[PDB]
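Note: hydrogens, waters and symmetry copies are ignored here, and every other heavy atom, side chains too, is used. Residue numbering restarts at 1 for every chain, and letters A, B, ... go by the order of the sequence lines.
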Amino acid sequence: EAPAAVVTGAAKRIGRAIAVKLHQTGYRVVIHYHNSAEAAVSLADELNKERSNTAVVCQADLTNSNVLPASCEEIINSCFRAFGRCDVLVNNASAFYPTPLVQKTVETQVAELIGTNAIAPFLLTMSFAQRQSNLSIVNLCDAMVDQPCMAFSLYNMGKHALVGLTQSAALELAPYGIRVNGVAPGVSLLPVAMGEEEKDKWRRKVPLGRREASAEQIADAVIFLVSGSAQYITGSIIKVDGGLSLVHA
Amino acid sequence: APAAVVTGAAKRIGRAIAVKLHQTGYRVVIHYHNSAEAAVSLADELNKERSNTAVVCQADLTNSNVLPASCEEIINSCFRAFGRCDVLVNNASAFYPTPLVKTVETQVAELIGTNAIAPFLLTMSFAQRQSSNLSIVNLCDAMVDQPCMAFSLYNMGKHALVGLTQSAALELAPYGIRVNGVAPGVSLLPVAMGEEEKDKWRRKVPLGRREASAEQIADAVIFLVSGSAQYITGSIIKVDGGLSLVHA
Amino acid sequence: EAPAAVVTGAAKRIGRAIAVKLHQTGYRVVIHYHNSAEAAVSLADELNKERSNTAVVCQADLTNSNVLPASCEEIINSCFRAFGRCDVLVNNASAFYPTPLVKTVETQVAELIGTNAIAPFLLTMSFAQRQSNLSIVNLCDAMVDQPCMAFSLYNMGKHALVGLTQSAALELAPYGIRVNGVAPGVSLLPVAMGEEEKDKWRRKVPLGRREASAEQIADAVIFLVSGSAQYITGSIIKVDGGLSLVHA
Amino acid sequence: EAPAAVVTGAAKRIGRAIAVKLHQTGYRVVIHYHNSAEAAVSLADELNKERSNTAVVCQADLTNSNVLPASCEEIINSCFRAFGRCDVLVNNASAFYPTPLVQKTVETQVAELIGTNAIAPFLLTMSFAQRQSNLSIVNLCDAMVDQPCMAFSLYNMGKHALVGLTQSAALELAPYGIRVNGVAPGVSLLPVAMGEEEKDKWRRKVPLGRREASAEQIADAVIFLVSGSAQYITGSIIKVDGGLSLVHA
Ligand SMILES: NC(=O)c1ccc[n+]([C@@H]2O[C@H](COP(=O)([O-])OP(=O)(O)OC[C@H]3O[C@@H](n4cnc5c(N)ncnc54)[C@H](OP(=O)(O)O)[C@@H]3O)[C@@H](O)[C@H]2O)c1
Ligand SMILES: NC(=O)c1ccc[n+]([C@@H]2O[C@H](COP(=O)([O-])OP(=O)(O)OC[C@H]3O[C@@H](n4cnc5c(N)ncnc54)[C@H](OP(=O)(O)O)[C@@H]3O)[C@@H](O)[C@H]2O)c1
Ligand SMILES: NC(=O)c1ccc[n+]([C@@H]2O[C@H](COP(=O)([O-])OP(=O)(O)OC[C@H]3O[C@@H](n4cnc5c(N)ncnc54)[C@H](OP(=O)(O)O)[C@@H]3O)[C@@H](O)[C@H]2O)c1
Ligand SMILES: NC(=O)c1ccc[n+]([C@@H]2O[C@H](COP(=O)([O-])OP(=O)(O)OC[C@H]3O[C@@H](n4cnc5c(N)ncnc54)[C@H](OP(=O)(O)O)[C@@H]3O)[C@@H](O)[C@H]2O)c1
Ligand SMILES: CC1(C)N=C(N)N=C(N)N1c1ccc(Cl)c(Cl)c1
Ligand SMILES: CC1(C)N=C(N)N=C(N)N1c1ccc(Cl)c(Cl)c1
Ligand SMILES: CC1(C)N=C(N)N=C(N)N1c1ccc(Cl)c(Cl)c1
Ligand SMILES: CC1(C)N=C(N)N=C(N)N1c1ccc(Cl)c(Cl)c1
């Protein structure tokens with residue numbers, strides 16, 4: 001009787017915070033992960049301790065390939081196998097690294113950056129829709145998509161395609177009662193790899209508070225979009241960026 | 001308890017907004033221009049729920065030499081009644097055609113004054129008077145880039161209000177004041193509009209083929225003023241059932 | 001006969017460059033000015049010496065007031081009086097100064113919203129009413145969505161001018177009048193800016209770390225009025241050397 | 001001393017008009033094609049009759065695959081081999097067909113729609129920049145990207161990704177003096193098969209003239225962007241759509 005959600009890349013960081021807050025709201029969750037098996041299992045353990053049989057894990061690589069459609073079908077199928085329904089998909093998983101235009105193969109970079117950020121969402125969307133009373137999809141977009149980081153072409157291309165998907169799917173799935181929306185963080189949890197001085201450089205650019213968003217702040221916007229308070233919203237992308245996208249060079 | 005000002009609050013969307021903030025625990029100032037009876041009826045409904053948590057304030061928001069003083073008075077009414085003003089919702093709006101091919105300058109004063117200049121002056125007054133969670137929410141329009149034909153001045157006004165939203169979000173962020181917008185598509189249709197005409201619009205909406213309840217607009221407002229939106233500023237949330245996505 | 005154009009604010013800087021390039025393309029021009037009488041007359045003399053009877057001046061304050069509609073009518077009528085026709089309108093004149101949220105404010109509203117938005121609207125109404133390759137070009141701002149802090153009213157004006165561009169393109173398309181915009185980023189820097197502050201801006205521009213020349217801005221105007229843009233309406237061409245793509 | 005340009009999908013329609021107008025402007029051209037060899041050769045022969053040794057053809061499938069990077073390198077290399085320089089790249093080739101979310105494999109659809117519309121442009125852009133004065137790239141985008149055709153999600157995703165490329169590449173290449181811009185048609189040349197009654201349905205929606213753009217009208221915008229008159233323009237997309245994108249439902 002409790003609705004169920006799939007969250008991709010949910011073992012750590014923003015996707016973990018989304019899975020936790022959906023579970024706190026009443027959802028049963030599928031915690032998708034690729035490499036972070038220990039974190040995924042530990043989160044499912046923590047959730048199930050709170051309410052038994054309310055969390056499962058599902059491992060998959062969301063790089064594009066000729067098997068990606070089956071992997072995405074398997075993710076959605078894992079939700080139906082565990083819970084008998086699938087009410088919400090959150091497309092959160094994402095690869096991010098530089099792809100300079102001027103001096104892994106480039107075809108691997110294309111498969112990873114465009115696959116994870118764009119093609120996997122599209123196939124997860126297809127599978128979600130095909131397998132189908134408050135259904136909705138939330139794509140994690142990027143508030144800085146029109147002011148991109150230099151040398152991040154392929155990532156930027158994938159995030160723009162994800163906006164395209166959010167709009168196209170919102171239009172096509174509306175007659176089935178499925179809403180499709182986005183949440184677009186600016187700087188939220190910074191990369192684990194990034195040094196302290198660079199982290200502080202980013203934090204100082206943010207108008208509202210000179211700090212990054214917490215993962216929970218991003219999750220809060222996802223919660224709103226899946227809620228009954230958003231039943232007329234589809235095709236919308238909510239920036240959660242403390243004003244960063246409004247700041248000129 | 002926090003306190004909110006809602007302009008144009010006597011009817012329709014603004015009334016739904018004031019009702020929902022009140023339900024969330026806000027004390028409210030119900031601003032009205034011509035709708036005194038309706039404003040007082042709403043304040044009566046609210047104060048019967050919790051005594052002395054709603055007051056009314058009359059003002060014309062047409063631009064003129066006295067609009068700054070009227071806008072300062074609206075904000076002051078909140079501080080006098082409640083001792084604080086945490087939320088401003090700029091909801092009041094005039095809407096009618098202004099074909100390119102009332103004098104045109106009265107049309108300017110009404111369309112650009114209610115939809116843009118009054119919000120600007122209320123924003124300045126709200127900011128100047130300042131655990132708190134301060135925010136402004138501007139009622140925008142989801143169809144701003146696919147405008148209704150012969151509605152130039154209305155559309156100009158709504159574009160100006162997007163500019164205010166962004167400029168104010170940036171300038172007031174250091175003060176902890178967030179500024180955001182909600183952009184309805186087809187919501188409560190204009191009383192005048194004929195029945196067949198309304199139904200024409202409803203059929204174009206992807207989500208359900210009907211207009212948004214005022215309550216659906218209010219729900220987005222309530223989110224943006226909430227602690228669940230504390231990192232959000234300069235954002236405009238469309239609440240249009242997908243209508244802006246639909247090509248000609 | 002040669003076609004004729006009106007350029008507002010055409011005495012100096014970008015508006016002069018536009019008028020010169022339209023003249024070089026074969027147009028007869030009305031050089032609108034407000035305060036810059038010596039500059040306007042000097043430019044008109046230069047153009048008339050190149051080709052007799054092809055430039056006149058027209059003085060007008062474009063601040064909003066109850067007489068602005070008549071002033072806008074008069075500018076358009078000056079072109080028909082001098083040249084028998086008016087093919088192109090370029091809305092270039094603009095006021096720009098800070099209006100912090102924390103002259104009277106109503107004067108600031110009349111000047112910044114008047115010159116940047118209402119006078120373009122009324123000139124557009126007058127141009128259309130008085131009516132082949134007819135078009136209007138509005139000088140917009142590439143940084144509208146990433147505004148300078150404390151410039152709310154200027155940003156509101158330039159957003160309203162985007163609305164006008166789109167609403168007018170839609171409404172005037174059946175009359176064969178095209179309406180487009182050109183959006184500079186950093187072009188001619190303000191005369192009063194010191195070199196150190198000018199270099200701060202230059203260093204932000206990806207394409208050559210320099211501001212646009214006035215001629216570069218005029219080239220885009222010339223394209224949009226030309227027969228090579230005969231299907232373009234409602235479009236705003238950024239001419240900003242990539243500045244709008246640069247994150248904080 | 002004449003500059004040279006590559007135009008992809010140049011044998012017919014818009015790409016053909018672009019190649020013709022570039023040639024008229026004084027450019028030597030590489031006419032890329034995939035299936036339309038007779039038309040490509042016929043255009044090259046016409047152009048060479050106008051001025052000898054000013055046009056060559058280059059065949060390539062721009063579907064994404066292991067070999068697509070080498071193909072795109074070869075297209076750029078063809079221009080340097082023929083003409084000793086490559087000044088202008090126009091990414092015009094595009095696949096277009098529906099990909100409904102609800103009921104070719106779907107991964108073939110991904111490789112064709114996302115490869116032609118986005119990945120090939122990226123790889124061509126990489127190859128163009130690596131091999132390097134008025135250097136510029138022009139991407140043929142779509143004015144209706146934010147009000148998409150129902151059941152065209154992958155096409156829409158590909159065209160949004162191309163906007164991202166246009167912006168990301170403008171920023172990254174601006175230090176090399178390479179400008180990157182787009183031209184976004186609305187309704188231009190209608191599909192060959194389409195009945196007049198359906199073509200008329202589209203034409204009647206366009207505010208400016210109730211007609212589609214000619215190919216030559218699209219080409220005139222490309223010619224402006226590559227010209228000395230656009231030397232400060234980069235990262236810009238010029239809609240050429242007769243007001244169609246301003247029309248509400
Ligand atoms: N953090 C920010 O400031 C920020 C800013 C803008 C946008 N966003 C967007 O918000 C979302 C959450 O951001 P985040 O920083 O939490 O993300 P993240 O830590 O960089 O990545 C989220 C997860 O994506 C999964 N992932 C990566 N490559 C994968 C592949 N080939 N197959 C399957 N899964 C893969 C990883 O799972 P495993 O660990 O299980 O391998 C990873 O933990 C992302 O879509 C991001 O682009 C975030
Ligand atoms: N309804 C929709 O479908 C829709 C669609 C798009 C955008 N919106 C936006 O959403 C907001 C609410 O829409 P709505 O349909 O509820 O609005 P509405 O009924 O047209 O008007 C709201 C109130 O604004 C006040 N107002 C009008 N002119 C005024 C003036 N000169 N001075 C002071 N107040 C004045 C009136 O209050 P009094 O009655 O007291 O005179 C009016 O009741 C507006 O900003 C509108 O532009 C609504
Ligand atoms: N320069 C840039 O970098 C840049 C950047 C973004 C946008 N723009 C836009 O491009 C356009 C040209 O810019 P610019 O720097 O050449 O402009 P500008 O020098 O600041 O102003 C152009 C003219 O506007 C006229 N003007 C000012 N107030 C007026 C009033 N109350 N009534 C009538 N005319 C008035 C003045 O004419 P008189 O001298 O005759 O009084 C002035 O010469 C403007 O629309 C501007 O906003 C420019
Ligand atoms: N026509 C319009 O109304 C319109 C509207 C919006 C946007 N646009 C954009 O404008 C551009 C030109 O439009 P158009 O109507 O002239 O295009 P089109 O005729 O549909 O296609 C252009 C050419 O693309 C090449 N192409 C298709 N699949 C390919 C593949 N797998 N590998 C290599 N090349 C391939 C084909 O070349 P071969 O014939 O040699 O196989 C075809 O002749 C396109 O980017 C299009 O998306 C056009
Ligand atoms: C965290 C990281 C890498 N994860 C993904 N998948 N996508 C991003 N956009 N990320 C990012 C990248 C750069 C910055 Cl400065 C910040 Cl705050 C975050
Ligand atoms: C409600 C009305 C008139 N009131 C204002 N102030 N602003 C609008 N945009 N309005 C509107 C106008 C047209 C339509 Cl079709 C619909 Cl649903 C609503
Ligand atoms: C030149 C100036 C003032 N003139 C007007 N009317 N409008 C602008 N936008 N202008 C501007 C303002 C700031 C900068 Cl940094 C730069 Cl380069 C230019
Ligand atoms: C010509 C076609 C198919 N070719 C490509 N590559 N891309 C498009 N956008 N095309 C299109 C599609 C639909 C319409 Cl209505 C019109 Cl005018 C044109």
(message) Any salt bridge linking C:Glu195 with C:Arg202? Criterion: basic side-chain nitrogen under 4.0 Å from a carboxylate oxygen.
(response)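 A salt bridge is present here (some side-chain N lies under 4.0 Å from a carboxylate O).
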(message) Taking D:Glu212 first and then D:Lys199, would you say they form a salt bridge - that is, a charged N and a carboxylate O separated by under 4.0 Å?
(response)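 A salt bridge is absent here (no side-chain N lies under 4.0 Å from a carboxylate O).
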(request) Among D:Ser168, D:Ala219, D:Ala174, single out the residue with the greatest number of heavy-atom pairs under 4.5 Å to chain C. (result)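 When all of D:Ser168, D:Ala219, D:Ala174 are compared, D:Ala174 has the most.
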(message) Between D:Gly235, D:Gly243, D:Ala213, who has the most heavy-atom pairs with chain C when the cutoff is under 4.5 Å?
(response)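 The option with the most such pairs is D:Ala213.
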(request) Taking D:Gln231 for its side chain and D:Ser227 for its backbone only, find out whether a donor-acceptor pair lies under 3.5 Å. (result)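 Here the side-chain-to-backbone pair does not exist.
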(request) Would you confirm whether D:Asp142, through its side chain, and D:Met144, through its main-chain N or O, come within 3.5 Å as a donor-acceptor pair? (result)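 Side chain of D:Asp142 to backbone of D:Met144: a pair is present.
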(message) Please identify, among C:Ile177, C:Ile237, C:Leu172, the residue contributing the most non-hydrogen atom pairs under 4.5 Å to chain D.
(response)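 The residue among C:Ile177, C:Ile237, C:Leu172 with the greatest pair count is C:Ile237.
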